[PDB]
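Chemist: Can you look at this? It's an experimental structure, sequence on top.
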8 protein chains.
Amino acid sequence: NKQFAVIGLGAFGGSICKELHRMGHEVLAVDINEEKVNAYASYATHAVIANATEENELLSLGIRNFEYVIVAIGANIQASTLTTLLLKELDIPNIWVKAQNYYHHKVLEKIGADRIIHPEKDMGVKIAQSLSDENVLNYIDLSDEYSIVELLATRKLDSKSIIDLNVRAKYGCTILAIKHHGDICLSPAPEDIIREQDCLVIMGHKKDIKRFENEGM
Amino acid sequence: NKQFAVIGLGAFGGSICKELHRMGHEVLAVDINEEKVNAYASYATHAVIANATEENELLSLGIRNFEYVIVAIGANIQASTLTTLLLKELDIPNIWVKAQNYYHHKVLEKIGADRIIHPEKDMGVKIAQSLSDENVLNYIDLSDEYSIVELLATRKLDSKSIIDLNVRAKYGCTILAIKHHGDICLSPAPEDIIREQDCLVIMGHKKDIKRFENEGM
Amino acid sequence: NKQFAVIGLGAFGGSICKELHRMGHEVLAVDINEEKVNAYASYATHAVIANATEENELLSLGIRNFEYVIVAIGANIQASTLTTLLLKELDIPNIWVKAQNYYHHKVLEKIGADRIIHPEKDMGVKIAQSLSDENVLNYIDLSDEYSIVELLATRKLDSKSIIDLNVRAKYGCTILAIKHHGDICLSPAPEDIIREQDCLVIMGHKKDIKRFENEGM
Amino acid sequence: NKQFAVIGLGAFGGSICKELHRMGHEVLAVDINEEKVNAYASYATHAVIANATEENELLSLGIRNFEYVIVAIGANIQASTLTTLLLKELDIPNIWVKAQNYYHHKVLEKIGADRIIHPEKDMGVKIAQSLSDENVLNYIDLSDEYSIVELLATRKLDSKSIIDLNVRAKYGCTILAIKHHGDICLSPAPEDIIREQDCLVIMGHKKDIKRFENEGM
Amino acid sequence: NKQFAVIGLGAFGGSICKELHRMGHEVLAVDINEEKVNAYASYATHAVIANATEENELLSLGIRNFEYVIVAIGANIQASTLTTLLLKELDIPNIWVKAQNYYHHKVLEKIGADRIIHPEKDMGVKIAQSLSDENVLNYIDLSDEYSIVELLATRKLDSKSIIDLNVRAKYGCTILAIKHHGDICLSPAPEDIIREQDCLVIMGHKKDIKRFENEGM
Amino acid sequence: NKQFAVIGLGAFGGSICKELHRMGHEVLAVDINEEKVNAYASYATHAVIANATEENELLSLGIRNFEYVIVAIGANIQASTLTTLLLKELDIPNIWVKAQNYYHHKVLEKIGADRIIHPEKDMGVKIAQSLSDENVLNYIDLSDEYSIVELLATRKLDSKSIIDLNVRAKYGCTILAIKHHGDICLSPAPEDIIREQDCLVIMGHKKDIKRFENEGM
Amino acid sequence: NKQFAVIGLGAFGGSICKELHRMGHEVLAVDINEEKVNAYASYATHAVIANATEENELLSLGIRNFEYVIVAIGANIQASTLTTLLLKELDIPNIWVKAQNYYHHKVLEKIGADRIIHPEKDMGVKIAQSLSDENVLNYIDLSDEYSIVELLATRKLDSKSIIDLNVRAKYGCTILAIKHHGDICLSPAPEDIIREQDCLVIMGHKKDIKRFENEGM
Amino acid sequence: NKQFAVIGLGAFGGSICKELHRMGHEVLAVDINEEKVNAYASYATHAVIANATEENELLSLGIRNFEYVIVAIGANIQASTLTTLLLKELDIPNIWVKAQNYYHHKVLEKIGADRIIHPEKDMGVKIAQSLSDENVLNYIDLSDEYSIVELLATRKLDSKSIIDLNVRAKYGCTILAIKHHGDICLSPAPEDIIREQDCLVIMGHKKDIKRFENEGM
Ligand SMILES: Nc1ncnc2c1ncn2[C@@H]1O[C@H](COP(=O)(O)OP(=O)(O)O)[C@@H](O)[C@H]1O
Ligand SMILES: Nc1ncnc2c1ncn2[C@@H]1O[C@H](COP(=O)(O)OP(=O)(O)O)[C@@H](O)[C@H]1O
Ligand SMILES: Nc1ncnc2c1ncn2[C@@H]1O[C@H](COP(=O)(O)OP(=O)(O)O)[C@@H](O)[C@H]1O
Ligand SMILES: Nc1ncnc2c1ncn2[C@@H]1O[C@H](COP(=O)(O)OP(=O)(O)O)[C@@H](O)[C@H]1O
Ligand SMILES: Nc1ncnc2c1ncn2[C@@H]1O[C@H](COP(=O)(O)OP(=O)(O)O)[C@@H](O)[C@H]1O
Ligand SMILES: Nc1ncnc2c1ncn2[C@@H]1O[C@H](COP(=O)(O)OP(=O)(O)O)[C@@H](O)[C@H]1O
Ligand SMILES: Nc1ncnc2c1ncn2[C@@H]1O[C@H](COP(=O)(O)OP(=O)(O)O)[C@@H](O)[C@H]1O
Ligand SMILES: Nc1ncnc2c1ncn2[C@@H]1O[C@H](COP(=O)(O)OP(=O)(O)O)[C@@H](O)[C@H]1O
């Protein structure tokens, strides 16, 4: 199929490897810590102990063959950078690297990392958003101004109909889904009822959704 | 306004604190490492050096007053657990804790954490999804089976109309938005055109979306 | 049989282990400090060097088999707590833990310690009672108001009879025992004599006993 | 009234100071740790930050005036010893010192401590006694053979009368008190009932009390 | 004249700054360690305490104005790299950086350092050359095979003439200079004499010079 | 051949060892840091982990046999000094030591170091000279005033003859060599041509060479 | 012969052990630092690694057998004291202990040390005496008034005879020895000569010797 | 009078300063530890806090004026060495330095210390001498082989005459003095009696004196 190499079996890298393996892709789990290799042996096609900063070991892995290599080392800046550089000189098509801080991001950028990810920082922003607003369970930003939001229904919304809560005209937003006791309603008709503590999926402008949260719920 | 306490200024905690501070909330950044306290001094209301496992220090912080306390320590399990337990005993309303593994999740659960977050595991699943399918930019899971997906349009989709790509009947999914050159089209009509390299927002069953990805694009 | 495990060979734990061993019970003395293990090797059935916060070591001890486990670590709160949690998850019937302060007591309480002991605090109250009243050698409180007290006889009590010192009617208290030159008299008859420097065991109300001490001796 | 000096506000010293202050005695709480002084300022007449090993500070406290000085430092042997020596040379009438081990006890003995206390060791013996016999809540030893014991009543004792349980004749021991739901009965008459889970106060020979526990409850 | 910025007043950087200042150039000596700034205050035009990794401080220095900026930080890789990057984004014409190891050299190379110097490594090669051959005081390599060498004259060369030591025909090398007691003779005539302990400057092939060293001196 | 001992595998020492090994000399690489020993194992005859300040280890190395011992420790003054002294008492013929500062130089001098080297300071002077004058590729100073300089030819020198550029009479300097495309011309005749970007080797007075650089190129 | 135990191989203890071993006595060198044990292995009968504060180790050494035990630990007061006490309870005949300060001296005294030595303080007094008076090289006091003094001969004494310097009649003192260029003359005859810079050994009254120093030399 | 500088108020240095001050000499007590300066303030002319390794502080002390400077730092080799070097370059007439080990002695020697003292080692030799022989009270070594010894007389010597104990012919040694009940006899005649427990002063060869101790007493 496609070939993925995950170097550094941290929580993030480990998750990548485990999930990718669940999808049934060829995943090479590389790790200098023996116990990590032993841990993810069940969760990979091939799990190898290797020092990814050592070039001959990287050649012994045959890493050139892989379409995607992911450097999930985000504590040891030197190791991460060095590995990324090695892979770049080894002409890897796609090099995705976990970064720790803005400047490690910078050096990764300059040595030509293809995609740089800050999992903790991002997820942190998300959890902070959920923290300031207990009503937002999840969301996705379509753009700087437009977004789809998942909301936890309050008492103000109990036994209310979609036609009763006219979001399409009053707030310019559109409701997409209602999740009640695990049961799910996609693109629901105006007659449908929303009961409290249910999942509500609205779509529109950020400020408009905020407005609806304010006066509506 | 609201009062937030962020204990452990890692990348995740640090991000929470920084972002929350950008929102203009009262954020107490707590950290046993002095340099971390000095680092996020600009991005908090009050930045304090404290051993969160040492309780008298926790009383010296006056943490009982806070509505939300975030334990963003995810490497030192013992520290995290001890701190969370301490906060629970101090009758803190909302305790959100970062977990490292399933078992740390378990002990947090049993000592009554209010919300447990796995930033790296989740983000890992997301990036893995993006890895197996270069065409998925982002997504949100409504449930175990149902999801809203953001797609990168290929050449197979160029100059194709929404009525041409009948997703609502052929695949049971519904298109929600089209992003073309930064311009944005919300809940578009069947006459609208999709050009390649544009953002496409589909909604439906996971397997169905996969189907459409397979035969459609 | 019943097997007792004493983790932490301090003065308190060490005393427990030594005394229990003198009683002829099967006692496992656990200690991360080698010299402590070597110290109490003579006073236990099995003395083992182990890190009780490390789960695999706790399994290597086979601690699950034990009816009673005593955590006598009272300086290192973190260690104590982690250990107690470990034992609880390992379904130990009776977990008795030494505590340092009110809140360490609390955290032990929430993670389900079966009995929490404050040796220094208690003993402190007792010695303080002995300090404010030079006459009291020892005592036991039956309740908030009622108590049995051991008293050191002064010259005021020399050659005095029980009927002479009518405590049962004049002070509402009752004399229980007289210890003279090591010889012992239990529940003595009214004809019996009390000589100075002897042990006197009175029983009654605290304030009443104080009265008898005041006007009597 | 009387003047007490408590040096070292640990759990033991702290307890002494707090309790003595509750009795309304003049207690000087001395401590090199500022936070401890701040902690027990409410529970002493004068709470001072001082290094008790430094002689000029000890004169600055005016410790010569005190009838009783208590050295409650039991971890730092050198500090305890040095302090005790200082107090001895300053002709203090009564010097009571907390000890850690047998040899610290020895050096305290040799430099002329007036009373040496091992709170943890003693309390440890007591709790161990309570461990080998679940029925004993508390006790006091009148001598090597004779003792007064507090017992937790089992189902075997429920709804039983004092005359029914003839301890004075069958076992040579005498019942002193019965505590039922917090209510208290001192030196109860033979008609009185003992209900389960109540506190029972027996007095007699150790082996005899053991006998009564064996066949009786 | 020209404007030089020396960041990091180590031995190497300090030497650069001092020497440059002796030549009468405008040299800005920058250093986060105050005592270093105080040390080279006499040997610079402007000596400033600054964190060169902090951008606003770098603007406060007005570093954009300088033609040459020298990063003489070679122990703290992160600091060096970071500074170099900052300078690069600020469009500095010439950035010369001291490197520690091959990989620090690599990252400097990739973030676009203009000249990278390894003082210890080079000087090391030179001193090693002097070690294997006690006769060489100094030298310069014209190419892989051809070189000009400074030699310490031995007794075999004492009172010997240039025509006596026919290097131009016997060894294919040419003598360039003779230094006697500080006095100096450039391109000396064949009648000229060489005395021991004098500086002799020969020019030719490496192996040929070695030959002359072998049989000649 | 000859035997060299390199103690302290820094950049300087490491360079010495590597270069000497390239020359094919017997080099003992000594280092207290295991990873350094492992690093230069390929670049030495024998690479040993040793604390050079410990005498018995120094005898275990058999360092007395070596003609040359190099102390390349330049951060840890005490280590360097102690080691050098050790070697001196062991009657080592030649002890060359890396120095950090003027006073470390002094103590090395007083304990009888045979040659003391300051690589960073020297090389620093050189780089400073190259900094104030961008034109010089390399050089060697014969004395305070007289020098041989290697110059990079500009367009002003293209297609010019040696007789055309009369340096011997107009500037009192003499051209020694011309390097064109790797090809090399030693002591060239006046008919020879200099093409731009070639290496030019001039010899004479510093100020005179400066003059020639100014008006000539 | 006799058996000596030297605990603590410092400079003082080490000197004791080495010297005693040179005399050919059975010396047990005990030390918790392995390297010290390895150091004095050549200079003892048996050199053992042991923690002298640990009683079971002290029994493992078989220290009860020894006539003399020397505690040469003078930095670690607690170790010294604890050890000394240990030896005392083990009924050691002679316990000689090195002391640090007056109070450590006190506690050693009180726990029954047989001889307490202050090497640095004493030797300090001596060197101070030599400092205030350059003429005295060494001396021994026979009593408060009478003494034997070693003097450095000055120029006033050069080429002078014993009969010339009539000390027995003019100064009431008697010359005992003359040391010239290492050669030694015991109880020299009146014809004997004193040369400058030689060692002169006078005997008599202190004030008389001072007198001779004044008027004679 | 004369001016002494004592740098480093240890036990040895402190002793020097105190004793010298008792003699009434001008003593400058220098110490980087403030508490030491405060301790010996009563026992010096001027007691100053100074870092003796810092040259400007040494000039601030005005140390050039002093005839004698004593470096009594014997734990911190670097401090001692650096200071000694500083004093030497400042041309102090007499520099006496305390040494720790043979190599520190060496570096002191090489940087030109005037007198080097090993108090612990020496005093150690003395105490060892007293240990192997309980009879020797004091002594002075004239040379490696020759010595004057003070001896405690045993019962073997009681009521014995000098002519009876013919040491001058039988052992080649000479008796110099007899101290009886505080009374003193200098250079006693052969008729004089020696009684036990008296001080006996013999002079001669070491082995010979040992011989006399063996067969005589
Ligand atoms: N030089 C290297 N070569 C190969 N793997 C490395 C190297 N350095 C680090 N790693 C890998 O990184 C992993 C540790 O990552 P971790 O420290 O857990 O990240 P985080 O601290 O962000 O959780 C280890 O399993 C190790 O295999
Ligand atoms: N017991 C504790 N008390 C207070 N702060 C702590 C404690 N343990 C860890 N921390 C803080 O947590 C931070 C480390 O978080 P980090 O390990 O970076 O999270 P992650 O591994 O998810 O990136 C440190 O800055 C440290 O100060
Ligand atoms: N993580 C741990 N695992 C095992 N034992 C521990 C741990 N932490 C502490 N201990 C035990 O506690 C013992 C000492 O307790 P101590 O500090 O003396 O209590 P206190 O200070 O109250 O006297 C040590 O000997 C050690 O074995
Ligand atoms: N030199 C000293 N002078 C005054 N107080 C001291 C000194 N040394 C220790 N202490 C006191 O001892 C107390 C700590 O005792 P602690 O270590 O808790 O005993 P334990 O560990 O046996 O419970 C501190 O409050 C401190 O003030
Ligand atoms: N970010 C920075 N900004 C300014 N100066 C710095 C920075 N980082 C390091 N320095 C300076 O560099 C110097 C250290 O250089 P050094 O480590 O001695 O080089 P080397 O190890 O090559 O001798 C310090 O004096 C410090 O002031
Ligand atoms: N006691 C010692 N014995 C032997 N080698 C030592 C000792 N102390 C330091 N070294 C050597 O010094 C080297 C480190 O020098 P380094 O700190 O890199 O100097 P700098 O910091 O000036 O570059 C190490 O390779 C180590 O082997
Ligand atoms: N309890 C102990 N048992 C055995 N050896 C000890 C003990 N305590 C200290 N020592 C030894 O004493 C030596 C240290 O003496 P040191 O501190 O150098 O004396 P000083 O400070 O007077 O020079 C060490 O080698 C150590 O091994
Ligand atoms: N560089 C220095 N300048 C001034 N005083 C110093 C310096 N280094 C050490 N000292 C002083 O020397 C004293 C330590 O002597 P110490 O180590 O007790 O000698 P010893 O080890 O022989 O007992 C300390 O009081 C300290 O203040």
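Modeler: Perfect, I can see it now. Numbering: from 1, shown residues only, chains lettered A, B, ... in the order given. Ligands and ions are numbered 1, 2, ... in the order given.
Chemist: OK, contacts around the closest residue to ligand 6 within chain A?
Modeler: Per C-beta to the nearest ligand atom, residue A:78 is where chain A lies closest to ligand 6, at 16.3 Å. All C-beta spots, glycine's among them, are computed from the backbone N, C-alpha and C. Residues counted as contacts of residue A:78 (C-beta atoms under 8 Å, 6 or more residues apart in numbering or on different chains) are E:77, E:103.
Chemist: Over to it. Which of the three states is it?
Modeler: When classified by DSSP: H, G, I helix; E, B strand; the rest coil, residue A:78 comes out as helix.
Chemist: Now do it against residue A:55, distance only.
Modeler: 15 Å (C-beta to C-beta, to the nearest Å).
Chemist: And the closest residue to residue A:50 other than its chain neighbours, how far from residue A:83?
Modeler: In this structure, residue A:50 finds its nearest non-sequential neighbour in residue A:57, 4.6 Å apart by C-beta to C-beta, 6 or more residues apart in numbering or on different chains. Applying C-beta to C-beta, the value for residue A:57 to residue A:83 is 11 Å.
Chemist: What is the burial count for residue A:111?
Modeler: 22 (other C-beta atoms under 10 Å in any protein chain shown).
Chemist: Equivalent analysis for residue A:189, please.
Modeler: Using other C-beta under 10 Å: residue A:189 sits among 9 other residues.
Chemist: Number of residues surrounding the nearest residue to it once chain neighbours are set aside?
Modeler: Once flanking residues are discounted, residue A:189 sits nearest to residue A:162: 7.3 Å by C-beta to C-beta, 6+ apart. Residue A:162: 18 surrounding residues under other C-beta under 10 Å.
Chemist: Do I have it right that residue A:162 meets residue A:175?
Modeler: Yes: in this structure, residue A:162 is within contact of residue A:175 by C-beta atoms under 8 Å, at 6.0 Å.
Chemist: For the two, list the residues in contact with both.
Modeler: Common neighbours of residue A:162 and residue A:175, using C-beta under 8 Å, 6+ apart, are residue A:188.
Chemist: give me every residue that touches whatever residue of chain A ends up closest to ligand 4.
Modeler: As assessed by C-beta to the nearest ligand atom, ligand 4 sits closest to residue A:75 within chain A, at 36.0 Å. Residue A:75 sits next to A:10, A:100 when contact means C-beta under 8 Å, 6+ apart.
Chemist: In a strand, it, correct?
Modeler: No: under three-state DSSP, residue A:75 sits outside any strand and is assigned coil.
Chemist: can you give me the strands in chain A?
Modeler: In chain A, the strands defined using DSSP state E lie at A:3-7, A:26-31, A:46-49, A:68-71, A:94-98, A:115-117, A:136-141, A:146-152, A:160-161, A:174-180, A:183-186, A:193-194, A:199-205.
Chemist: Which of the ones you listed sits closest to residue C:128?
Modeler: strand A:146-152 (55.4 Å; C-beta to C-beta).
Chemist: wait, does that closest one contact chain B?
Modeler: Yes: Strand A:146-152 lies within reach of chain B by C-beta under 8 Å from any C-beta of the partner chain, at A:146, A:148, A:150.
Chemist: So for chain A, the centremost residue is which one?
Modeler: residue A:119 (7.2 Å; C-alpha atoms, centre = their mean).
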